[PDB]
Amino acid sequence: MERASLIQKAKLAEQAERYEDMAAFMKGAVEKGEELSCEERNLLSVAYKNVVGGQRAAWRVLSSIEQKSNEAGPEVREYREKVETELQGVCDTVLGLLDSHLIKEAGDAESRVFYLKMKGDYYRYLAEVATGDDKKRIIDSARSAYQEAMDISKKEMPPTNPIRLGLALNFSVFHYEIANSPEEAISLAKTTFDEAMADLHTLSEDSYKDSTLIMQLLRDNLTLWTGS
Amino acid sequence: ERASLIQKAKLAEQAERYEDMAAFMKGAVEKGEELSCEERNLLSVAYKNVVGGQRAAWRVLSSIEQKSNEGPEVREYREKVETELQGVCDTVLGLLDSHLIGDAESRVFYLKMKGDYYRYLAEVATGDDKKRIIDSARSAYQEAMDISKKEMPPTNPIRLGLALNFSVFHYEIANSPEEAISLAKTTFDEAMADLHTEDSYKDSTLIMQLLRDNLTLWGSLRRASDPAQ
Numbered sequence: 001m002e003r004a005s006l007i008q009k010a011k012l013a014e015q016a017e018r019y020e021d022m023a024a025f026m027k028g029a030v031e032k033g034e035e036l037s038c039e040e041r042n043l044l045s046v047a048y049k050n051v052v053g054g055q056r057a058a059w060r061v062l063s064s065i066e067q068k069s070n071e077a078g079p080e081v082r083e084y085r086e087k088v089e090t091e092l093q094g095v096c097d098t099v100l101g102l103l104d105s106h107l108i109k110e111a112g113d114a115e116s117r118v119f120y121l122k123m124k125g126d127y128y129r130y131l132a133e134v135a136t137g138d139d140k141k142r143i144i145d146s147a148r149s150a151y152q153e154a155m156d157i158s159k160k161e162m163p164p165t166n167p168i169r170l171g172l173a174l175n176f177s178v179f180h181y182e183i184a185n186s187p188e189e190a191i192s193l194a195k196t197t198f199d200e201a202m203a204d205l206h207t208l209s210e211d212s213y214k215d216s217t218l219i220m221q222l223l224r225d226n227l228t229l230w231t232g233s
Numbered sequence: 002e003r004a005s006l007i008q009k010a011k012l013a014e015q016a017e018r019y020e021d022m023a024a025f026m027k028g029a030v031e032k033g034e035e036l037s038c039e040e041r042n043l044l045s046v047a048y049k050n051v052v053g054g055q056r057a058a059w060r061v062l063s064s065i066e067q068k069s070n071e078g079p080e081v082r083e084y085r086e087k088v089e090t091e092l093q094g095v096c097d098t099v100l101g102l103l104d105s106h107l108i112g113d114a115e116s117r118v119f120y121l122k123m124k125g126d127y128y129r130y131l132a133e134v135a136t137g138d139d140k141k142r143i144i145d146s147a148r149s150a151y152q153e154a155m156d157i158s159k160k161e162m163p164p165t166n167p168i169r170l171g172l173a174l175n176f177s178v179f180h181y182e183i184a185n186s187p188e189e190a191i192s193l194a195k196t197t198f199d200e201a202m203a204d205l206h207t210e211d212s213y214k215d216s217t218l219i220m221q222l223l224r225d226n227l228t229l230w234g235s236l237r238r239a240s241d242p243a244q
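Listed in order, the protein sequences are those of chains A and B.
Numbered per the entry's author numbering, the first sequence spans residues 1 to 71, 77 to 233.
Numbered per the entry's author numbering, the second sequence spans residues 2 to 71, 78 to 108, 112 to 207, 210 to 230, 234 to 244.
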């Protein structure tokens, strides 16, 4: 069998910063149809986060140029469309993996939340580029994925859990940027922060590291969305 | 069309999409037309980044492969990366040889680029082949050095860049650390001499700084006397 080899190669690709290869290896490993361990889920996420991150960054540059020139010819639109299409291909691939293999009405709650957060994240990336037609559905598919994830995490995981914090952080970004609900973004972020803060002495070192890093991102967004 | 491919290559540079940038520049070249100064740099920037990423990865994987057996996945994947890297170098050398040609200034530039890409093949070549590739890199650089020395000022950034890379070739590839250091100091001392002199100062000085860096890396600067502390 080559599942273990695909996973070993994905770890090598991570060290070599070959994220497209990392994503492909993890995709193939998922497709062997066995659940992923904690380590393996993170490899899947790291890989696609980086792949899509690069496409999004590029799309932003190109879209920004396209808009500021509309008072550099058809080339900007054509190339922005190429990048956009490619990006959608990645999100569709990731959502295809989540729906066909990973998300299940079964198993522990953390991994359930992890995949639904991932589902919200990738529908949110589709929403970043979508036009009014697709937009509404997509925004809503992102909202339900996050909301379902939020409901589980709130009942099953501590407020200091990094998957829970990460979920809240991203859902608040969704509110601010995508849904155009800056109030619930600010509110969710403050609430998340304060609830986690109250529970910090229950966390000992090592877990405190992971969680305070995400709490620092919440504080940063809050300061940005308001004042220092 | 050609002008569109060049416009798209500029956009790809801004979006940091170097594989796309390389492909657009390849297509623009393929259309014969000599490249302007700006266009040559776009070609170089694109492939420098593409191959840079493959080299960095190859470095990591080869390093793991060597430290480890002192596991077939490492070899297989290192081979995949290596093969892909060779494909890029072969593509670039194919462009240089196929659509090479005009003037002395630009002739240096392409021969330097020819030396650079044969040097990247040498970074991974095994034996019978490695030894030949090293010479194709050496002649490309040497021919370019001879032109630059007779036609360009010692402050010229293409000339400085060529010297810098040829000296790297000597230390790393040819295992001639003596001429690598000789060449690198000679190059920086000859440029330092005529520094005061349009105004491309900052352009040139950046490459001078790389020569001192790589020389300090190979004691540090000049002799040491008692440091007051």
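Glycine included, every Cβ here is placed at the ideal spot set by N, Cα and C.
### Message
For the structure I just gave you, are there three or more beta carbon pairs, one from the segment 213-232 of chain A and one from the segment 7-20 of chain B, closer than 8 Å?
### Response
no
### Query
Listing by chain order, which chain A residues have their CB less than 7 Å from the CB of B/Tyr84?
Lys9 and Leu12
### Task
Starting from B/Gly54, trace the alpha helix (DSSP H) both ways and give me its first and last residue.
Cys38 to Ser69
### Message
By the 7 Å beta-carbon criterion, what residues does the segment 15-29 of chain B contribute toward chain A?
### Response
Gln15, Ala16, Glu17 and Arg18
### Interface residues of chain A facing B/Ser116 [CB-CB closer than 8 Å]
Within 8 Å Cβ-Cβ: nothing; B/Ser116 doesn't reach chain A, min ~26 Å.
### Message
Run through chain A and tell me which residues come within less than 7 Å of B/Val81, C-beta to C-beta.
### Response
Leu12
### Message
Can you look up B/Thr197 in the DSSP assignment and give me helix, strand or coil?
### Response
helix
### Query
With C-beta atoms as the reference, is A/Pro163 less than 9 Å away from A/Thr207?
yes
### Query
Cα-Cα, which of B/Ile108, B/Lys122 and B/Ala58 is closest to B/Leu92?
B/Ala58
### Message
Check whether the segment 157-176 of chain A and the segment 122-141 of chain A touch, using three or more Cβ-Cβ pairs below 8 Å as the test.
### Response
yes
### Query
At what residue ranges does the segment 164-224 of chain A contain a whole run of the alpha helix (DSSP H), taking only runs of 4 or more?
167-178 and 187-203
#### Entry: Option nearest A/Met155 by Cα separation, candidates A/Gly54, A/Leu172, A/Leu6 and A/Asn166
A/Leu172
### Query
Any heavy atom of the ligand ZN closer than 8 Å to the Cβ of A/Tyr84?
Annotation note on the ligand ZN: not contained in the displayed structure, which lists no ligands.
### Query
Roughly how many angstroms separate the alpha carbons of A/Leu102 and A/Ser5, rounded to a whole number?
19 Å
### Query
Just how far apart, CA to CA, sit A/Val30 and A/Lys109?
14 Å
### Alpha carbon of B/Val46 to alpha carbon of B/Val118, nearest angstrom
17 Å
### Message
9 Å is my cut-off, CB to CB: does B/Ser5 come that close to chain A?
### Response
yes
#### Entry: Check whether A/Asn226 and A/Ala194 have beta carbons under 9 Å apart
yes
### Query
DSSP three-state call for A/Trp230: helix, strand or coil?
helix
### Query
Cβ of B/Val61 less than 9 Å from any chain D Cβ?
In the structure shown, chain D does not exist; the protein chains are A and B.
### Query
Do A/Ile7 and A/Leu43 have their C-beta atoms closer together than 9 Å?
yes
### Task
Could you tell me if B/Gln221 is buried or exposed, where buried requires 16 or more neighbouring beta carbons within 10 angstroms of its beta carbon?
exposed
### Task
Taking A/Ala114 and A/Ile157 to be in contact with their CB atoms under 8 Å, please state how far apart those CB atoms are, rounded to whole angstroms.
5 Å
### Task
Could you give the DSSP three-state label for A/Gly101: helix, strand or coil?
helix
### Message
Counting only Cβ pairs nearer than 7 Å, list the residues of chain B close to A/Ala58.
### Response
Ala16, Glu17 and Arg18
#### Entry: CB contact flag (B/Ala16, B/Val51, <9 Å)
no
### Query
Which residues mark the beginning and the end of the alpha helix (DSSP H) in which A/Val134 is found?
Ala114 to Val134
### Task
Output, in chain order, the set of chain B residues within a Cβ distance shorter than 8 Å of A/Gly53.
Simply none; closest approach about 11 Å.
### Query
At a CB-CB cut-off below 8 Å, which residues of chain B make contact with A/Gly78?
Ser5 and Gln8
### Beta-carbon separation (whole angstroms), A/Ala147 vs A/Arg129, contact threshold 8 Å
5 Å
### Task
Could you tell me the boundaries of the alpha helix (DSSP H) in which B/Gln244 lies?
Unbroken run through B/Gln244: none, as it is neither H nor E.
### Query
Do you know whose CA, among A/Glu161, A/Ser149 and A/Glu2, lies nearest B/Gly78's CA?
A/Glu2
### CB-CB length for A/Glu66 against A/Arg85, believed under 8 Å
5 Å
### Query
With a Cβ-Cβ cutoff of 9 Å, do A/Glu35 and A/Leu107 count as a contact?
yes
### Query
Got a sec? Which residues, its chain only, sit under 7 Å from B/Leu223 by beta carbon, not counting five neighbours each side?
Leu174, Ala194, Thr197 and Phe198
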